[PDB]
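S.K.: First the structure, which I've put down as structure tokens, then a few questions once you've had a look.
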Amino acid sequence: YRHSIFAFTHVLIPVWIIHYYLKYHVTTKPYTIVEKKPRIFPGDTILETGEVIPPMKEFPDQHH
Amino acid sequence: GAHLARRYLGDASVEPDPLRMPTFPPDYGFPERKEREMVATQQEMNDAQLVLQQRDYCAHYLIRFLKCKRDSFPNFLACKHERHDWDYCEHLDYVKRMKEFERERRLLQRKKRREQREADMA
Amino acid sequence: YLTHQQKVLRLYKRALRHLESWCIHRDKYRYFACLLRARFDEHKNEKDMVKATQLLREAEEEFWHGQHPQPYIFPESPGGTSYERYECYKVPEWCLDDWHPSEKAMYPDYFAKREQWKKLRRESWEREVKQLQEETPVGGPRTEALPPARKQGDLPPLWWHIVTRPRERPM
Amino acid sequence: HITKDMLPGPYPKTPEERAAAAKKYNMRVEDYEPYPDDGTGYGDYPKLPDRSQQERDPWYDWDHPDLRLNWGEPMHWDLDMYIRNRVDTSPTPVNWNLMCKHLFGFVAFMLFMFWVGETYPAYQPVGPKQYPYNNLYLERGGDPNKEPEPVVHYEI
Amino acid sequence: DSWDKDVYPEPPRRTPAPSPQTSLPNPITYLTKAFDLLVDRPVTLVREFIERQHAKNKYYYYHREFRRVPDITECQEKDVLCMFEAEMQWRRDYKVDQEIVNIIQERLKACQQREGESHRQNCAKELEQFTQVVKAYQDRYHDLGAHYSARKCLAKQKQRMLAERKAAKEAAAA
Amino acid sequence: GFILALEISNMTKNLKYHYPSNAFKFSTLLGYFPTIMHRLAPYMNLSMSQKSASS
Amino acid sequence: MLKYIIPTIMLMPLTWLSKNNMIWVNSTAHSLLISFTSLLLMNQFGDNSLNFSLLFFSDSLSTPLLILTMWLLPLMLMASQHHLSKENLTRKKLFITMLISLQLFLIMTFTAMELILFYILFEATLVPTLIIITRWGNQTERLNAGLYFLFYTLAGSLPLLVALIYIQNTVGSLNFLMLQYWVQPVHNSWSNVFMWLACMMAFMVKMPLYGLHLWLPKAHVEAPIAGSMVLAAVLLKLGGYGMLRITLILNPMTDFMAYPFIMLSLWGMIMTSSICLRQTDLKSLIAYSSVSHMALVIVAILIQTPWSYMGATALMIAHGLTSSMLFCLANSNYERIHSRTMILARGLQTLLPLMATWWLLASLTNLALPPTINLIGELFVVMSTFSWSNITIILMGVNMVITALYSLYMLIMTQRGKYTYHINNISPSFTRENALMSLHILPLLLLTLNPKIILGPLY
Amino acid sequence: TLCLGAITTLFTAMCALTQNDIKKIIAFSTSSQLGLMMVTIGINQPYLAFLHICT
Amino acid sequence: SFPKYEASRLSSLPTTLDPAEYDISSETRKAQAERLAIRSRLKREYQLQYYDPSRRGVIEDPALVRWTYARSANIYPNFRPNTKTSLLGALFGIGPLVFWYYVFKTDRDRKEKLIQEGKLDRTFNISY
Amino acid sequence: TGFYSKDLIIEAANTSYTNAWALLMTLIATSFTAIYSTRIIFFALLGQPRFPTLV
Amino acid sequence: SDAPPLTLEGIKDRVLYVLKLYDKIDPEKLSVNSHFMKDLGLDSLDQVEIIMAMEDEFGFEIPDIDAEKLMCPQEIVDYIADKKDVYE
Amino acid sequence: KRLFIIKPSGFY
Ligand SMILES: C[C@H](CCC(=O)O)[C@H]1CC[C@H]2[C@@H]3[C@H](O)C[C@@H]4C[C@H](O)CC[C@]4(C)[C@H]3C[C@H](O)[C@]12C
Ligand SMILES: *C(=O)CCCCCCCCCCCCC
Ligand SMILES: [Zn+2]
């Protein structure tokens with residue numbers, strides 16, 4: 001009960017305020033939140049357009 | 001290492017100069033050396049956000065390793081197979097640098113021998 | 001000043017503690033503590049004040065050259081890691097006169113006793129002044145020692161702050 | 001409400017004045033030593049030993065324990081500098097002159113050795129790192145309009 | 001939309017599709033599901049309630065427009081009534097020019113963060129545009145001083161035109 | 001270092017006197033850097049502030 | 001400005017016609033309302049200043065100084081109540097009258113549009129200031145302090161009058177708006193060198209400039225608390241405000257005539273900061289602290305860069321609140337022990353726990369702890385002076401070190417340590433004193449959230 | 001930075017070989033550890049230096 | 001036997017090693033009687049007021065007042081302009097001003113040329 | 001925890017173009033770390049209790 | 001800081017408990033009101049080290065000015081108790 | 001055995 005109340009008035013209400021703040025006041029202005037572009041690796045699938053990058057060139061198989 | 005004495009407490013031309021290597025031409029000494037290739041491509045390395053110092057011939061194994069880390073999360077006690085592939089390729093690349101160094105070290109002595117012989121006799 | 005007996009006594013205490021610092025281990029300290037005592041035992045009495053000073057001056061020079069650079073210090077002594085650590089918690093008693101009545105009412109017993117001390121302190125002050133101007137030469141006192149009360153029911157002169165001083169660990 | 005006859009005055013000329021000054025400052029006429037009459041505005045203020053308050057008897061019942069002063073005692077001209085927070089003039093285990101030599105010697109030795117180690121670097125035997133695509137010309141921001149000076153590395 | 005995409009460009013995102021290989025469940029996905037329910041939902045409803053209240057009362061504010069007036073060049077010497085309007089116009093342009101540089105700087109910094117490690121190459125139209133505008137801004141407004149004015153701005157230009165005009169004459173003669 | 005530390009540490013238990021090495025007092029007093037700088041620079045600065053700057 | 005001039009004048013009838021025991025309640029209550037209405041001056045535009053009439057105007061420079069000036073009068077009334085407790089009723093009313101008239105001249109000085117109207121009101125502030133020091137000061141030295149204050153200012157002001165009247169004859173006007181358009185460059189001749197000096201030395205003596213400051217330790221120490229608060233907070237800023245205006249008509253001669261004055265200020269920072277480390281008087285230590293912060297203002301006005309003027313404006317407002325608070329804090333102790341010696345009372349943090357929190361906050365702002373506006377103004381001046389010359393970073397840096405030392409030296413000397421045994425009359429802080437300290441620090445810290453309103457015209 | 005760390009990672013460790021106070025001994029360990037971090041920065045290994053902070 | 005102690009300005013001579021604490025003549029000990037005699041008299045005067053229960057305020061210490069009055073208000077009346085005061089004043093007062101003027105004037109004259117000639121890098125410098 | 005950062009640093013320091021004297025001090029300091037580290041254990045854990053009787 | 005306080009009985013017991021471990025006084029003849037120089041026949045140098053063993057027991061130094069005034073075990077109890085504010 | 005802790009007046 002003590003932790004439930006603490007997790008409500010210190011982790012749940014503040015995140016509501018922050019998420020409401022970020023989602024509807026900060027993200028509505030240019031470049032306020034800038035996220036580094038996700039890394040794309042050879043042989044992936046893009047969710048936005050379905051593109052399938054070619055896997056790779058064949059490797060000179062090694063060992064050890 | 002062990003050649004610092006040979007660079008300071010000994011002869012100079014015997015030991016190469018790291019800031020200026022390579023000194024001799026890139027072909028003289030071998031029968032048409034095969035140009036080192038690169039499995040990865042610029043567009044692929046650019047899209048993987050590899051650090052610039054990692055944009056070497058050893059790439060295309062780091063790219064494989066990075067995919068395993070993202071595709072195995074959370075399995076940080078795994079993907080060790082790809083770790084050695086990139087590490088091993090890095091190990092071979094370092095050997096070539098020593099092989100480049102050893103080549104330079106001898107050719108300087110060979111230049112010493114040729115100059116010494118022609119100079120001493122005349 | 002400090003006579004000649006006291007200087008050797010002070011030097012002996014310092015020498016052991018500095019020696020105790022070098023030795024660390026108790027068994028070594030006991031072995032050397034008695035050895036250093038013997039070197040004092042050799043030259044006990046011996047009269048010849050002129051030669052007595054020479055032995056002490058040589059002793060002080062030897063102590064200075066061999067003293068520990070970082071002698072052990074008691075935690076609550078000048079130089080210690082806990083010296084004056086509680087001076088910030090020591091509040092005088094005259095501040096209680098400035099308390100608000102609403103917070104004196106939290107301690108009806110304590111301030112009842114204070115009135116007795118304050119009442120006691122006022123009544124005894126006049127005698128303390130008399131006790132001091134009678135037991136003092138014409139040219140003012142020549143020592144910092146104070147006389148006790150030469151009577152029953154008379155408190156010693158100048159006792160209020162000595163008695164009522166803050167406790168060593170007030171909080 | 002202190003009168004002008006109980007306040008510091010000019011340098012005493014006759015021995016009689018030096019007697020009044022010593023009595024004024026609560027000192028023995030023998031111990032009362034005015035500062036030199038060099039004209040820096042010292043007047044007849046007593047010159048006390050340049051001993052910090054940190055080297056006063058910690059156990060004596062001072063009227064001002066933190067300042068190590070006694071009520072009515074003549075204060076040193078530089079008392080504020082010699083309080084127990086600022087300047088310590090206590091004897092040290094090592095002589096002052098010997099301390100400076102050791103500290104300067106250590107720093108002087110160390111600085112020279114760093115310079116020696118700067119002109120004689122330690123490095124493992126390896127050729128310069130080789131990178132593809134004209135040594136990462138395009139990756140390092142090189143403009144893709146001017147032709148880069150070609151660079152080629154060969155296997156070996 | 002919230003802002004004009006032309007002024008503040010944004011390369012399209014490319015989020016790779018998840019391709020898990022380990023059998024373990026990714027905790028982030030579960031936390032994402034929980035977050036969408038305990039945080040994203042209640043916030044969305046409260047905003048929608050407030051959003052509707054802003055549709056019942058809808059009043060508008062407008063971007064002030066200042067019609068151009070004669071610049072300091074056409075102002076008669078020591079004519080305050082003409083110099084005043086030109087000076088006031090110049091100051092507004094000065095503030096506008098300051099914000100234009102801020103826009104280009106913001107685009108430059110967004111690119112350096114959007115492109116990650118590959119920012120030195122992928123950010124070339126941003127660095128170039130920033131360099132050009134700063135050079136333009138510096139020539140217009142720099143070294144004027146705290147008591148800057150249209151008159152001081154004009155004199156700086158005229159000395160740059162003379163310096164550049166003389167250089168052209170020397171080059172032309174060759 | 002552990003081997004050197006252990007044997008040197010054990011010597012403290014050998015019943016015997018010692019010598020006051022200067023290199024020991026150099027490290028005990030932190031190279032004398034505090035004793036000099038924290039006693040000289042305050043004196044110079046605080047003497048100048050009163051004799052030159054003010055008086 | 002008649003919406004502020006007239007009500008200030010009405011504070012005089014209010015004080016004299018009020019009940020005998022209610023003089024402090026009405027003047028404090030109604031002067032606070034005048035301060036509230038001063039917030040209407042913030043109707044500032046990006047291109048044009050707020051010009052009211054032919055006589056008065058208010059740009060972003062005058063506005064923060066006006067709001068500050070009208071905010072101090074209620075504060076100075078609170079600080080004066082204790083030491084005027086046994087004062088004759090009529091004389092007590094004459095004291096409140098001097099403070100009201102001083103505000104009346106200040107609010108007309110900062111808003112005057114014509115430079116001779118500025119001079120008359122700029123010079124008129126001496127009479128109410130001189131009377132407060134010489135009449136309601138404590139020590140014998142007030143008389144000599146009054147003479148030093150009077151004749152240092154006039155020795156500079158009188159040449160300024162000859163220069164101002166000369167400029168009108170040549171230019172035909174002294175209206176500040178006119179000068180912005182009719183200004184002409186100043187040729188390098190011996191005649192103009194002395195015009196430059198006459199237009200600045202009056203303002204330099206009031207900043208004050210190092211070398212010409214041997215009235216601030218006398219006036220700011222021998223004056224009553226109300227005199228010290230206004231002397232330090234608003235009267236030093238008249239010289240700063242004057243220079244920020246008259247440098248408009250001195251270009252380009254300010255390029256080389258500023259060197260001897262930048263050196264005095266740059267090296268005057270260290271000299272005055274060092275003096276604070278050895279002061280045996282809590283009020284004199286705070287007074288010398290003003291000469292160091294105003295030395296940054298002189299350098300900021302003499303290099304003429306957009307950042308320097310923004311830094312100069314912020315510094316003047318920040319210093320006014322901090323210095324006024326420091327004098328108030330030093331006075332609260334003096335009202336108990338009735339002595340200015342800094343070492344007499346120690347360890348006061350054990351007897352006045354809350355008043356020691358006000359000491360800490362005042363010291364933190366004094367040493368320019370970010371993000372307080374003291375740091376914002378000081379930082380913007382180091383940035384500007386760095387571009388003026390990269391070597392100035394050395395002198396700016398050393399002063400920041402010494403500034404922290406003497407600020408915390410007085411905090412440690414008077415708050416920490418061990419209480420003086422024979423000091424047994426340290427009564428708890430009154431609500432008046434605590435409210436007095438809050439009314440300084442709270443607005444000073446709130447300005448950090450919206451600092452653009454104190455950055456001046458070049459924002 | 002390489003030399004600045006090296007002097008600190010050595011001088012402060014040297015001062016710790018003879019300190020008695022338990023807190024002071026651990027303090028001189030921090031300075032030596034910080035000096036090592038500076039050496040890491042001096043050899044162009046910023047991420048190793050960051051890792052040393054966390055560990 | 002052992003090396004002597006070298007006393008410096010910031011390192012006083014230890015009282016034990018001072019060759020005056022051992023020998024105690026008739027007059028030398030008599031002086032220490034007066035020092036303790038006077039200083040014990042003040043200790044008495046202080047304690048009379050200190051312990052008094054009918055005293056509330058500050059025990060004014062005339063020694064403290066004389067200290068501050070000598071440090072601030074008694075300096076100028078005891079000042080004589082002579083070789084030391086004049087030479088020290090000129091060096092400390094005017095020397096630094098002249099030294100700093102040439103450091104900054106020389107620095108700014110050099111920097112001014114590099115800007116007129118276009119040899120100073122100011123590509124992105126638009127904040128002054 | 002220390003191994004995964006400190007050891008990697010020393011390997012990179014040794015095998016990198018670097019100041020020779022600075023590298024030496026780093027290696028010496030690591031040895032000096034063990035000496036004062038052991039000083040704590042011996043004088044606090046090992047040996048016999050040197051603290052007062054009533055504890 | 002969690003250290004149990006000191007009582008008058010506890011102080012007296014420890015003062016004698018340390019002297020009784022001293023190989024210079026007869027335990028049977030050792031009384032609280034027993035001098036050190038006039039009853040038990042001890043030299044001043046022995047007295048000085050009496051304090052050191054006394055200080056190391058209570059863990060706090062005694063001034064040398066006030067150290068050379070404790071000639072009876074009862075006086076030690078008075079000094080140690082008074083310094084540490086022990087009343088019952 | 002609770003003792004009285006002397007503090008300055010915290011009411012004001
Ligand atoms: C949760 C925590 C400890 C619980 C535990 O025993 O594990 C307890 C200790 C004291 C409590 C806090 C105190 O009661 C003070 C606050 C008042 C209310 O209790 C709710 C929030 C509040 C902040 C509490 C949150 C939580 O219940 C706390 C923080
Ligand atoms: C080359 O870069 C070596 C530089 C010195 C670092 C290694 C020093 C320690 C060598 C110990 C092994 C020596 C061979 C017995
Ligand atoms: Zn009062």
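FYI, nothing fancy with the structure tokens labels: chains A, B, ... in order, residues from 1 per chain, ligands from 1 as they appear.
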As a PyMOL selection string, please: the residues near residue L:4 (cut-off 10 Å, only C-alpha atoms, same-chain neighbours under 6 positions excluded).

M.R.: chain C and resi 107+110+170-171

S.K.: At a cut-off of 8 Å, list the chain J residues touching chain D, using only C-alpha atoms, as a ChimeraX atom specification.

M.R.: /J:15-22

S.K.: Could those residues be written to a file, using N, CA and C atoms, as an mmCIF file, in the first residue's frame?

M.R.:
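Writing done, so here's part11.cif:
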```
data_model
loop_
_atom_site.group_PDB
_atom_site.id
_atom_site.type_symbol
_atom_site.label_atom_id
_atom_site.label_comp_id
_atom_site.auth_asym_id
_atom_site.auth_seq_id
_atom_site.Cartn_x
_atom_site.Cartn_y
_atom_site.Cartn_z
ATOM 1 N N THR J 15 50.179 -0.228 -25.958
ATOM 2 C CA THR J 15 50.272 -0.500 -27.385
ATOM 3 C C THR J 15 49.810 0.677 -28.237
ATOM 4 N N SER J 16 50.013 1.903 -27.761
ATOM 5 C CA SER J 16 49.579 3.096 -28.474
ATOM 6 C C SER J 16 50.714 4.103 -28.537
ATOM 7 N N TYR J 17 50.788 4.827 -29.653
ATOM 8 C CA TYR J 17 51.734 5.925 -29.792
ATOM 9 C C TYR J 17 51.529 6.891 -28.634
ATOM 10 N N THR J 18 52.500 6.987 -27.731
ATOM 11 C CA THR J 18 52.272 7.694 -26.479
ATOM 12 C C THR J 18 53.599 8.156 -25.897
ATOM 13 N N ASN J 19 53.498 9.066 -24.933
ATOM 14 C CA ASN J 19 54.661 9.521 -24.186
ATOM 15 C C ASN J 19 55.208 8.378 -23.340
ATOM 16 N N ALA J 20 56.518 8.144 -23.438
ATOM 17 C CA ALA J 20 57.115 6.988 -22.776
ATOM 18 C C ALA J 20 57.128 7.159 -21.262
ATOM 19 N N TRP J 21 57.556 8.325 -20.780
ATOM 20 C CA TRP J 21 57.600 8.545 -19.338
ATOM 21 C C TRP J 21 56.201 8.521 -18.740
ATOM 22 N N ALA J 22 55.223 9.095 -19.444
ATOM 23 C CA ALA J 22 53.851 9.061 -18.954
ATOM 24 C C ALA J 22 53.343 7.629 -18.854
#
```

S.K.: Taking only C-alpha atoms and all ligand atoms into account, report as a PDB file with C-alpha atoms, in the first residue's frame which residues have an atom no farther than 7 Å from an atom of ligand 3.

M.R.:
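Everything below was put into part14.pdb:
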```
ATOM      1  CA  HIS G  82      13.949  50.351  14.197  1.00  0.00           C
ATOM      2  CA  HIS G  83      16.550  53.114  14.353  1.00  0.00           C
ATOM      3  CA  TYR G 334      24.024  45.967  13.880  1.00  0.00           C
ATOM      4  CA  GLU G 335      20.569  46.575  15.350  1.00  0.00           C
ATOM      5  CA  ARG G 336      21.419  43.971  18.024  1.00  0.00           C
ATOM      6  CA  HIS G 338      25.253  48.068  17.712  1.00  0.00           C
TER       7      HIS G 338
END
```

S.K.: Enumerate as number ranges by chain the residues belonging to chain G that approach chain F to within 10 Å, with only C-alpha atoms taken into account.

M.R.: G: 268, 270-279

S.K.: Okay, now the selection with C-alpha atoms, as a PDB file, in the first residue's frame?

M.R.:
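Result saved to part-v6.pdb:
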```pdb
ATOM      1  CA  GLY G 268      40.289  48.120 -10.133  1.00  0.00           C
ATOM      2  CA  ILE G 270      41.286  43.024  -8.373  1.00  0.00           C
ATOM      3  CA  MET G 271      42.314  45.908  -6.124  1.00  0.00           C
ATOM      4  CA  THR G 272      38.819  46.366  -4.693  1.00  0.00           C
ATOM      5  CA  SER G 273      38.107  42.634  -4.455  1.00  0.00           C
ATOM      6  CA  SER G 274      41.383  42.162  -2.578  1.00  0.00           C
ATOM      7  CA  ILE G 275      40.508  45.013  -0.211  1.00  0.00           C
ATOM      8  CA  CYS G 276      37.407  43.079   0.850  1.00  0.00           C
ATOM      9  CA  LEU G 277      39.537  40.164   2.081  1.00  0.00           C
ATOM     10  CA  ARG G 278      41.083  42.312   4.847  1.00  0.00           C
ATOM     11  CA  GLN G 279      38.212  44.584   5.926  1.00  0.00           C
TER      12      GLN G 279
END
```

S.K.: Restrict the distance test to only C-alpha atoms, flag each residue of chain H within 10 Å of chain D, and return the flagged residues as a ChimeraX atom specification.

M.R.: /H:2-4,6-7,11

S.K.: Could you give me the residues within 6 Å of ligand 1, counting only C-alpha atoms and all ligand atoms, as a list in words?

M.R.: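 Using only C-alpha atoms and all ligand atoms, everything at most 6 Å from ligand 1 comes to residues 2, 3, 5 and 6 of chain A.
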
S.K.: Write out, as a compact mmCIF listing (two decimals), in the first residue's frame, the residues just selected, with C-alpha atoms.

M.R.:
```txt
# COMPACT_ATOMS: atom_id res chain seq x y z
CA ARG A 2 2.79 2.45 0.85
CA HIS A 3 4.58 1.73 -2.43
CA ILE A 5 0.57 5.29 -3.21
CA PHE A 6 4.17 6.38 -3.82
```

S.K.: So the first atom is atom CA of residue G:255 and the second is atom CA of residue G:385; what is the distance between them in Å, to one decimal place?

M.R.: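 Here the two named atoms are 13.7 Å from each other.
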
S.K.: I'd like the contact shell of stretch 99-104 of chain C - 10 Å cut-off, only C-alpha atoms, skipping same-chain residues fewer than 5 positions apart - returned as a ChimeraX atom specification.

M.R.: /C:94,109-111 /G:427-428 /L:7-12

S.K.: How far is it from atom CA of residue G:416 to atom CA of residue G:432, in Å with one decimal?

M.R.: 23.8 Å

S.K.: I'd like the neighbourhood of residue B:30 as a ChimeraX atom specification, where a residue qualifies if any of its atoms comes within 12 Å (using only C-alpha atoms), though same-chain residues fewer than 6 positions away should be ignored.

M.R.: /B:103 /D:154-156

S.K.: Write to file, as a compact mmCIF listing (two decimals), in the first residue's frame, the residues of the selection just made, with N, CA, C and O atoms.

M.R.:
```
# COMPACT_ATOMS: atom_id res chain seq x y z
N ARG B 103 58.28 -5.26 -43.96
CA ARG B 103 58.73 -4.99 -45.32
C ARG B 103 59.54 -3.70 -45.36
O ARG B 103 60.64 -3.66 -45.93
N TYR D 154 47.45 -2.32 -51.09
CA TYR D 154 47.65 -3.64 -51.67
C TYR D 154 47.83 -4.68 -50.57
O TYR D 154 48.43 -4.40 -49.52
N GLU D 155 47.32 -5.88 -50.82
CA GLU D 155 47.45 -6.96 -49.85
C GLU D 155 48.92 -7.33 -49.67
O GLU D 155 49.71 -7.30 -50.61
N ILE D 156 49.28 -7.69 -48.44
CA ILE D 156 50.65 -8.04 -48.12
C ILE D 156 50.74 -8.59 -46.71
O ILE D 156 49.89 -9.38 -46.28
```

S.K.: If you run DSSP on this backbone, which residues of stretch 17-155 of chain D come out as alpha helix (DSSP H), and could you give them as an MDAnalysis selection string?

M.R.: chainID D and resid 17:24 79:82 96:119 132:136

S.K.: Take the residues just selected and output them with N, CA and C atoms as a short mmCIF file (atom, residue, chain, number, x, y, z; two decimals), in the first residue's frame.

M.R.:
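Result file follows (out_27.cif):
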```
data_model
loop_
_atom_site.label_atom_id
_atom_site.label_comp_id
_atom_site.auth_asym_id
_atom_site.auth_seq_id
_atom_site.Cartn_x
_atom_site.Cartn_y
_atom_site.Cartn_z
N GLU D 17 56.30 58.96 26.78
CA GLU D 17 55.18 58.57 25.93
C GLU D 17 55.13 57.06 25.74
N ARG D 18 56.29 56.44 25.51
CA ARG D 18 56.31 54.99 25.37
C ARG D 18 55.79 54.30 26.62
N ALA D 19 55.92 54.94 27.78
CA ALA D 19 55.33 54.39 28.99
C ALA D 19 53.81 54.48 28.95
N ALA D 20 53.27 55.64 28.56
CA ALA D 20 51.83 55.80 28.49
C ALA D 20 51.23 54.85 27.45
N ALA D 21 51.88 54.71 26.30
CA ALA D 21 51.37 53.82 25.27
C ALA D 21 51.30 52.38 25.77
N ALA D 22 52.35 51.92 26.45
CA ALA D 22 52.34 50.56 26.97
C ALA D 22 51.21 50.36 27.96
N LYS D 23 51.00 51.34 28.85
CA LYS D 23 49.88 51.27 29.78
C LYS D 23 48.55 51.33 29.03
N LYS D 24 48.49 52.14 27.97
CA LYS D 24 47.26 52.26 27.19
C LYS D 24 46.88 50.94 26.54
N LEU D 79 45.68 40.54 12.77
CA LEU D 79 44.94 39.47 13.42
C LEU D 79 44.01 38.77 12.43
N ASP D 80 43.32 39.55 11.59
CA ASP D 80 42.38 38.96 10.64
C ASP D 80 43.06 37.99 9.69
N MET D 81 44.32 38.24 9.35
CA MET D 81 45.06 37.32 8.49
C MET D 81 45.53 36.09 9.25
N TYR D 82 45.78 36.22 10.55
CA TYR D 82 46.37 35.15 11.35
C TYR D 82 45.33 34.32 12.08
N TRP D 96 61.87 24.89 6.34
CA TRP D 96 61.21 25.52 5.21
C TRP D 96 62.09 25.47 3.96
N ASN D 97 63.37 25.79 4.11
CA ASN D 97 64.26 25.80 2.96
C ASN D 97 64.37 24.42 2.34
N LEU D 98 64.49 23.38 3.17
CA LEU D 98 64.59 22.03 2.64
C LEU D 98 63.30 21.59 1.95
N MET D 99 62.15 22.07 2.43
CA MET D 99 60.89 21.70 1.80
C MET D 99 60.80 22.25 0.38
N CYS D 100 61.19 23.51 0.18
CA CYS D 100 61.10 24.10 -1.15
C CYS D 100 62.01 23.38 -2.13
N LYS D 101 63.22 23.01 -1.69
CA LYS D 101 64.14 22.31 -2.58
C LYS D 101 63.55 20.97 -3.02
N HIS D 102 63.00 20.21 -2.08
CA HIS D 102 62.45 18.90 -2.42
C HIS D 102 61.26 19.03 -3.36
N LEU D 103 60.36 19.98 -3.10
CA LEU D 103 59.18 20.13 -3.95
C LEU D 103 59.56 20.63 -5.33
N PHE D 104 60.40 21.67 -5.40
CA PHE D 104 60.84 22.16 -6.70
C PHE D 104 61.63 21.10 -7.45
N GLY D 105 62.49 20.37 -6.74
CA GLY D 105 63.25 19.32 -7.39
C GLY D 105 62.36 18.26 -8.01
N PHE D 106 61.34 17.82 -7.27
CA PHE D 106 60.44 16.79 -7.79
C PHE D 106 59.71 17.28 -9.03
N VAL D 107 59.17 18.50 -8.98
CA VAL D 107 58.44 19.04 -10.12
C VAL D 107 59.39 19.31 -11.28
N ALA D 108 60.57 19.86 -10.99
CA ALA D 108 61.54 20.12 -12.04
C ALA D 108 61.98 18.82 -12.71
N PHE D 109 62.23 17.78 -11.92
CA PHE D 109 62.61 16.50 -12.50
C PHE D 109 61.48 15.93 -13.35
N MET D 110 60.25 15.96 -12.83
CA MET D 110 59.13 15.33 -13.53
C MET D 110 58.84 16.04 -14.85
N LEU D 111 58.88 17.37 -14.86
CA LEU D 111 58.57 18.09 -16.09
C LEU D 111 59.58 17.77 -17.19
N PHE D 112 60.87 17.69 -16.83
CA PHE D 112 61.88 17.36 -17.83
C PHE D 112 61.66 15.97 -18.40
N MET D 113 61.34 15.00 -17.54
CA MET D 113 61.16 13.63 -18.02
C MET D 113 59.98 13.52 -18.97
N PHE D 114 58.93 14.31 -18.77
CA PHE D 114 57.82 14.30 -19.71
C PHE D 114 58.25 14.81 -21.08
N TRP D 115 59.08 15.85 -21.11
CA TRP D 115 59.58 16.34 -22.39
C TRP D 115 60.45 15.30 -23.08
N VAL D 116 61.31 14.63 -22.32
CA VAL D 116 62.13 13.56 -22.90
C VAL D 116 61.23 12.48 -23.48
N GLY D 117 60.17 12.12 -22.76
CA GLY D 117 59.23 11.12 -23.24
C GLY D 117 58.34 11.60 -24.37
N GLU D 118 58.36 12.90 -24.67
CA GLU D 118 57.56 13.43 -25.77
C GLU D 118 58.30 13.39 -27.10
N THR D 119 59.63 13.52 -27.08
CA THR D 119 60.43 13.42 -28.29
C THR D 119 60.88 11.99 -28.58
N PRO D 132 39.61 2.24 -46.74
CA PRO D 132 39.22 2.15 -48.15
C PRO D 132 38.68 3.48 -48.67
N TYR D 133 38.30 3.47 -49.94
CA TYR D 133 37.64 4.59 -50.60
C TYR D 133 38.41 5.89 -50.39
N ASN D 134 39.64 5.90 -50.92
CA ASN D 134 40.50 7.08 -50.87
C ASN D 134 40.68 7.57 -49.43
N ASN D 135 40.86 6.63 -48.51
CA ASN D 135 41.03 6.95 -47.10
C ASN D 135 39.80 7.67 -46.56
N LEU D 136 38.62 7.13 -46.87
CA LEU D 136 37.36 7.66 -46.37
C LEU D 136 37.19 9.13 -46.76
#
```

S.K.: Write down, as a list in words, each residue of chain I that has any atom within 8 Å of an atom of chain G, counting only C-alpha atoms.

M.R.: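 Result: residues 50, 56, 57, 58, 59, 68, 96, 97, 100, 101, 104, 105, 107, 108, 127 and 128 of chain I.
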
S.K.: Counting only C-alpha atoms, which residue out of F:11, F:33, F:40, F:28 sits closest to chain I?

M.R.: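 Closest residue, counting only C-alpha atoms: F:40.
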
S.K.: Near chain J, which residues of chain C fall within 12 Å when you count only C-alpha atoms, and what do they look like as a count of residues only?

M.R.: 9

S.K.: For the atom pair atom CA of residue E:64 and atom CA of residue G:56, what is the interatomic distance in Å to one decimal place?

M.R.: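 A separation of 28.1 Å between them.
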